[PDB]
Amino acid sequence: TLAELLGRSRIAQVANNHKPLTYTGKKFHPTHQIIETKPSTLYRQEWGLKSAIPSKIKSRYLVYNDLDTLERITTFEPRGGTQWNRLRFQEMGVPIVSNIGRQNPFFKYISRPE
RNA sequence: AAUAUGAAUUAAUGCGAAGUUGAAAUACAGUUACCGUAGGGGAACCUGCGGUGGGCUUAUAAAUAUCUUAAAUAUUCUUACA
Ligand SMILES: [K+]
Ligand SMILES: [K+]
Ligand SMILES: [K+]
Ligand SMILES: [Mg+2]
Ligand SMILES: [Mg+2]
Ligand SMILES: [Mg+2]
Ligand SMILES: [Mg+2]
Ligand SMILES: [Mg+2]
Ligand SMILES: [Mg+2]
Ligand SMILES: [Mg+2]
């Protein structure tokens, strides 16, 4: 059915987020999912959102909150810069270690009631 | 006692022409107007108290914005590729 397809659509895959797109507090990790469009689609203002992104946007990365609003605009910011922070961390090749010597969370360890 | 008539006597008002004394109202009408009420004054009107808008909704910024392969690759593409 159409409902089944919609639930699995790429737009459905992005978790609902209404966090401020302009946040001036302390940032410790990414808050919005970066959206990327290919160069061919960018030439046609196609991002896979509800409406065409304004042609003024030359970046290929954005973050958004609402597909449409009462102001008849998309709420988005044309930035994708948290990906470069992650890739620069990867280039520094420093593994993240636990200062408390806890078990690795990414391994299925056999824990006990200690 | 009622009804009708006339009535000394006396009250209110309309229209007509037509000047006079002011300039109260319509614009922020030159003191916002009007409602109720009270007092005062040649005349409109003036003043006090509250009410109404049938006057002020007539309302319109203390400005400041961001990084990924610009192309041998996107931009071309005509039912083709798959
Ligand atoms: K007056
Ligand atoms: K009055
Ligand atoms: K009065
Ligand atoms: Mg006067
Ligand atoms: Mg006058
Ligand atoms: Mg006046
Ligand atoms: Mg007086
Ligand atoms: Mg008054
Ligand atoms: Mg008036
Ligand atoms: Mg008015």
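What you see below is based on every heavy atom in this structure, not just the backbone, and it leaves out hydrogens, waters and symmetry mates. Letters go in sequence order (proteins before strands), and every chain restarts at 1.
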Participant: If you define the side chain from C-beta out and look only at heavy atoms, does anything of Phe76(A) sit under 4.5 Å from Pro54(A)?
Facilitator: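 SC-SC contact between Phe76(A) and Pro54(A) confirmed.
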
Participant: Mind checking the P distance from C34(B) to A29(B)? Whole angstroms is fine.
Facilitator: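 11 Å, rounded to whole Å.
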
Participant: Taking the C1' atom in each of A44(B) and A24(B), what is the distance between them to the nearest angstrom?
Facilitator: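 Nearest-Å result for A44(B) against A24(B) at atom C1': 6 Å.
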
Participant: Would you mind pulling out the nucleotide paired to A1(B), Watson-Crick or G-U wobble, both distances under 3.5 Å?
Facilitator: none

Participant: Expressed in angstrom and rounded to an integer, what is the separation of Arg44(A) atom CZ from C77(B) atom P?
Facilitator: 10 Å

Participant: Please give, in whole Å, the distance from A65(B) P to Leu21(A) CG?
Facilitator: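 In whole Å, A65(B) P and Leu21(A) CG are 17 Å from each other.
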
Participant: Calculate, to the nearest 0.5 Å, the distance between atoms OG and CD belonging to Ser51(A) and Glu46(A) respectively.
Facilitator: 9.5 Å

Participant: Say you draw a straight line from CZ of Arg60(A) to CD1 of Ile35(A); how long is it, rounded to the nearest 0.5 Å?
Facilitator: 13.0 Å

Participant: Nearest whole angstrom, please: distance from the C1' of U69(B) to the CD of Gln83(A).
Facilitator: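 Spelled out: CD on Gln83(A) to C1' on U69(B) is 12 Å.
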
Participant: Syn or anti for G55(B), taking syn as within 90° of 0?
Facilitator: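 That one's syn.
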
Participant: Are the six-membered base rings of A59(B) and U60(B) less than 5.5 Å apart at their centres, with planes tilted under 30 degrees?
Facilitator: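 No: the six-membered rings of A59(B) and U60(B) fail the 5.5 Å and 30° test.
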
Participant: Taking a positive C1'-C2'-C3'-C4' angle as north and a negative one as south, how is the sugar of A72(B) classified?
Facilitator: south

Participant: Which whole number of Å gives the distance between the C1' atom of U75(B) and that of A71(B)?
Facilitator: 9 Å

Participant: Tell me the interatomic distance from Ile57(A), atom CD1, to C67(B), atom P, rounded to whole angstroms.
Facilitator: 11 Å

Participant: Rounding to an integer number of angstrom, what distance separates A17(B) and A38(B) when you compare their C1' atoms?
Facilitator: 40 Å

Participant: Tell me whether the bases of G51(B) and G50(B) count as stacked, where stacked means ring centres under 5.5 Å and an interplanar angle below 30 degrees.
Facilitator: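 Flagged as stacked, both criteria satisfied.
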
Participant: If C1'-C2'-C3'-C4' is positive it's north, if negative it's south, so which is the sugar of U26(B)?
Facilitator: north

Participant: Please measure how far the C1' atom in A59(B) lies from the corresponding atom in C67(B), and state the result in whole Å.
Facilitator: 45 Å

Participant: When you measure from the side-chain N and O atoms of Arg60(A) to the phosphate of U69(B), is any distance below 4.0 Å, counting only OP1 and OP2?
Facilitator: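 It does, given that an N or O in the side chain of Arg60(A) lies less than 4.0 Å from OP1 or OP2 of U69(B).
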
Participant: Name the pairing partner of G53(B), where a pair is Watson-Crick or G-U wobble with both distances under 3.5 Å, or state none.
Facilitator: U32(B)

Participant: Of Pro78(A) and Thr41(A), whose closest RNA chain B nucleotide lies nearer the 5' terminus?
Facilitator: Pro78(A)

Participant: Starting at the 5' end of RNA chain B and moving along, which residue's nearest nucleotide shows up first, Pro39(A) or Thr82(A)?
Facilitator: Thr82(A)

Participant: Between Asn17(A) and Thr31(A), what is the shortest heavy-atom contact and its length?
Facilitator: ND2-O, 2.7 Å

Participant: Report yes if a side-chain nitrogen or oxygen of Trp84(A) is closer than 4.0 Å to either non-bridging phosphate oxygen (OP1 or OP2) of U68(B); otherwise report no.
Facilitator: yes

Participant: Is the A65(B)-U66(B) step stacked (ring centres under 5.5 angstrom, plane angle under 30°)?
Facilitator: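 No, six-membered rings of the two bases do not stack.
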
Participant: Looking at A80(B), which nucleotide sits across from it as a Watson-Crick or G-U wobble partner, both distances under 3.5 angstrom, or is there none?
Facilitator: none

Participant: Could you give the distance separating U47(B) and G41(B) at their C1' atoms, to the nearest angstrom?
Facilitator: 11 Å

Participant: For the side chain of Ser40(A), starting at C-beta, report the closest nucleotide among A65(B), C67(B), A74(B).
Facilitator: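 Minimum distance to the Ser40(A) side chain belongs to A74(B).
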
Participant: Counting only Watson-Crick or G-U wobble pairs whose two distances fall under 3.5 Å, which nucleotide matches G48(B)?
Facilitator: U37(B)

Participant: Between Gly48(A) and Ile11(A), which heavy-atom pair has the shortest distance, and what is it?
Facilitator: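 In this case the closest contact between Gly48(A) and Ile11(A) is O-CD1, 3.4 Å.
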
Participant: Using atom P in both nucleotides, what's the gap between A25(B) and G48(B) to the nearest angstrom?
Facilitator: 16 Å

Participant: Nearest whole angstrom, please: distance from the P of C67(B) to the CZ of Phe89(A).
Facilitator: 25 Å

Participant: If we call a positive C1'-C2'-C3'-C4' torsion north and a negative one south, what is the sugar of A27(B)?
Facilitator: south

Participant: Checking understanding here: a glycosidic angle within 90° of 0 is syn, the rest anti, so what is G39(B)?
Facilitator: anti

Participant: Check whether the six-membered base rings of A44(B) and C45(B) have centres under 5.5 Å apart and planes under 30 degrees from each other.
Facilitator: no

Participant: Identify, via the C1'-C2'-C3'-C4' dihedral, which side the sugar of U69(B) sits on: north or south.
Facilitator: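 Of the two classes, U69(B) takes north, because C1'-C2'-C3'-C4' is positive.
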
Participant: Apply the side chain to side chain donor-acceptor pair (under 3.5 Å) test between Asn65(A) and each candidate in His18(A), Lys19(A), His32(A); give the one that qualifies.
Facilitator: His32(A)

Participant: Under the rule that ring centres be under 5.5 Å apart and planes under 30 degrees, are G40(B) and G41(B) stacked?
Facilitator: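 Base stacking between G40(B) and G41(B): present.
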
Participant: Under a 3.5 Å cut-off for both contacts, is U58(B) paired Watson-Crick or G-U wobble with anything, and if yes, with which nucleotide?
Facilitator: none

Participant: So, do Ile34(A) and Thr82(A) sit near enough that their side-chain heavy atoms are less than 4.5 Å apart?
Facilitator: yes

Participant: Using whole Å, report how far CG of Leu42(A) lies from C1' of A70(B).
Facilitator: 13 Å

Participant: Given atom CD of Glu46(A) and atom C1' of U75(B), what is their separation to the nearest angstrom?
Facilitator: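 About 17 Å, once rounded to whole Å.
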
Participant: To the nearest angstrom, how far is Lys38(A) atom NZ from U75(B) atom P?
Facilitator: 11 Å

Participant: Report yes or no: is the ring centroid of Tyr43(A) under 5.5 Å from the six-membered base ring centroid of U75(B), with the two planes under 30 degrees?
Facilitator: no

Participant: Can you check the distance between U31(B) and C45(B), where both ends of the measurement are the P atom (answer in whole Å)?
Facilitator: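 Their P atoms lie roughly 16 Å apart.
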
Participant: Is there side-chain contact between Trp47(A) and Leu42(A), with at least one heavy-atom pair below 4.5 Å?
Facilitator: yes

Participant: With a 3.5 angstrom cut-off on both distances, give the Watson-Crick or G-U wobble partner of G6(B), or none if there isn't one.
Facilitator: none

Participant: Going strictly by the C1'-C2'-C3'-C4' torsion (positive north, negative south), how would you label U10(B)?
Facilitator: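 Of the two classes, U10(B) takes north, because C1'-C2'-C3'-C4' is positive.
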
